[PDB]
Amino acid sequence: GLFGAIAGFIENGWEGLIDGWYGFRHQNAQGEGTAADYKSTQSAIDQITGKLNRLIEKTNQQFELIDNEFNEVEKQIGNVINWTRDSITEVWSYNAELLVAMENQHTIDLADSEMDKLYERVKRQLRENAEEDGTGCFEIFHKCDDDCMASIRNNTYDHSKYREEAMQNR
Amino acid sequence: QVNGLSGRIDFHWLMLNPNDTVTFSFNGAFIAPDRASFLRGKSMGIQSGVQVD
Ligand SMILES: *[C@@H]1O[C@H](CO)[C@@H](O)[C@H](O)[C@H]1NC(C)=O
């Protein structure tokens, strides 16, 4: 996409993840554990449903009948009518195809965007206590357990407490 | 012959404005009206070959 997070440096997604859209997956001394992040999920979801709300609704404008199916109208005015209706039908087909194509492009780039926003959030929680993997992982240096991880995923993580160790272990 | 008849009777119509006067003069061959019609309000009109529901 435009942000190179989804189908970018993050190699792929996690079919095992069914809790939300984006999440964390950690492997520390106390074994592997993975769970989803709610704020980003609800952001992207509320935006996509915003698009649907703007689309899924109908006009109140009412159109009458100008021709006849059983008893064909006069030939000239009928050819003018069919010419007008064909031109309009053509226009609405173009408008529809363009609309859907651009709403899809924007949707994809928006989910990509929310991913980059979560990664760049954590990257700023772990100021100097971690190093950039390159595949969307964060190589911590201090001994972060299954409770310090849950302090990351709540943003309650204090980097000054665990700064000494991770700094020295550079 | 159309329904076994060769005659024809063809119909014409005009909308008379409120507080207006229509006036016929005729020499014959005239299918005269007995009842003017008025519109009741608003409606839709469709053409179909399926049942109501
Ligand atoms: C229509 O209005 C005119 C003048 O306002 C009047 O002379 C005439 O009699 C009216 N017609 C009827 C049918 O009342």
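For this deposition, the record names X-ray crystallography as the technique by which the model was determined and cites 3.50 Å as its resolution.

S.K.: Just checking my understanding: could you explain the overall build of chain A for this structure?
M.R.: The helix and strand inventory of chain A stands at four helices and four strands. Across chain A, helices and strands are ordered from the amino to the carboxyl terminus as β-β-α-α-β-β-α-α. For chain A, whose C-alpha radius of gyration is 27 Å, the value lies well above the compact-globule estimate of 15 Å for 170 residues. When its C-alpha atoms are laid out on the principal axes, chain A stretches across 90 × 25 × 25 Å. The 170 residues of chain A split such that 24% are buried. Between the averaged position of the 17 positive side-chain charges in chain A and that of its 32 negative side-chain charges there is a distance of 7 Å.

S.K.: I would appreciate a short explanation of the overall build of chain B in the present structure.
M.R.: Helix and strand counts for chain B come out as zero helices and zero strands. Relative to the globule expectation of 10 Å for 53 residues, the C-alpha radius of gyration of chain B, 18 Å, shows a markedly less compact shape. The C-alpha extent of chain B, read off along each of the three principal axes, is 50 × 45 × 15 Å. Relative to its full complement of 53 residues, chain B shows a buried share of 0%. Between the centroid of the 4 positive side chains of chain B and the centroid of its 4 negative side chains there is a distance of 4 Å.

S.K.: Hey, could you run me through the state of the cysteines in this one?
M.R.: Formally, a disulfide is one covalent bond, and it connects the sulfur atom of one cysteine to the sulfur atom of another. Residues and elements named next belong to chain A. Applying the stated criterion across every chain yields a total of one disulfide over all chains. With a sulfur-sulfur separation of 2.0 Å, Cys144 is cross-linked through a disulfide to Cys148. On the S-S bond that ties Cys144 to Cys148, the torsion sits near -105 degrees, and the link is left-handed. Judged by its relative accessible area of 7%, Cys144 is buried. Here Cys148 falls in the buried class, since its relative accessible area comes to 4%. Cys144 provides the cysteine sulfur closest to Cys137, a residue in no disulfide bond, and the two sulfurs are 14 Å apart.

S.K.: Got a minute to help me understand the pattern of salt bridges in this structure?
M.R.: It is possible for side chains of opposite charge to pair when their charged atoms get near one another. Residue and element names in this part refer to chain A. The tally for this structure, following the rule as stated, stands at eight salt bridges over all chains. We note a salt bridge from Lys51 to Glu103, for which the minimum N-O separation is 2.4 Å. Taken together, the residues span a long stretch of sequence, with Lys51 in helix α1 (residues 38-55) and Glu103 in helix α2 (residues 75-125) at a distance of 52 residues. The exposure class assigned to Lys51 is buried, which follows from its relative accessible area of 17%. Across the salt bridge formed by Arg54 and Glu103, the nearest N and O atoms sit 2.2 Å from each other. Taken together, the positions of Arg54 in helix α1 and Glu103 in helix α2 put the pair 49 residues apart, joining distant regions of the chain. Residue classification places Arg54 among the partly exposed residues on the basis of a relative accessible area of 47%. On the basis of relative accessibility, which here comes to 9%, the residue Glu103 falls in the buried class. Salt bridges linked by common partners bring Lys51, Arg54 and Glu103 together as one network.

S.K.: Can you walk me through the interface of chain A and chain B in this structure?
M.R.: A common way to report how large an interface is uses the accessible area buried once the components associate. Counting residues at the interface gives seven residues for chain A and four residues for chain B. Between the two partners, chain A and chain B, sit zero salt bridges. The interface formed by chain A and chain B includes two residue pairs in polar contact. Within the side of chain A that touches chain B, the residues separate by chemical class into three nonpolar, two polar and two charged.

Cut-offs used in this document
- Residues numbered from 1 in each chain as written, not as in the entry; some residues may be left out.
- Chains lettered and ligands numbered in written order.
- Part of a larger assembly, values for the part shown.
- Heavy atoms only, no water.
- Helix = DSSP H or I, 4+ residues; strand = E, 2+ residues; numbered from the N terminus.
- Rg over C-alpha atoms; globule rule 2.2 N^0.38 Å.
- Buried < 20%, exposed > 50% of the residue type's maximum accessible area, 1.4 Å probe, protein only.
- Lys, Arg positive; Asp, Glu negative; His and termini not counted.
- Charge placed at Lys NZ, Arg CZ, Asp CG, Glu CD.
- Disulfide = S-S within 2.5 Å.
- Salt bridge = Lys/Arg side-chain N within 4 Å of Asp/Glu carboxyl O.
- Contact = heavy atoms within 4.5 Å.
- Polar contact = N/O pair within 3.5 Å; in protein donor to acceptor, adjacent residues only side chain to side chain.
- Nonpolar A, V, L, I, M, F, W, Y, C, P; charged D, E, K, R; others polar.

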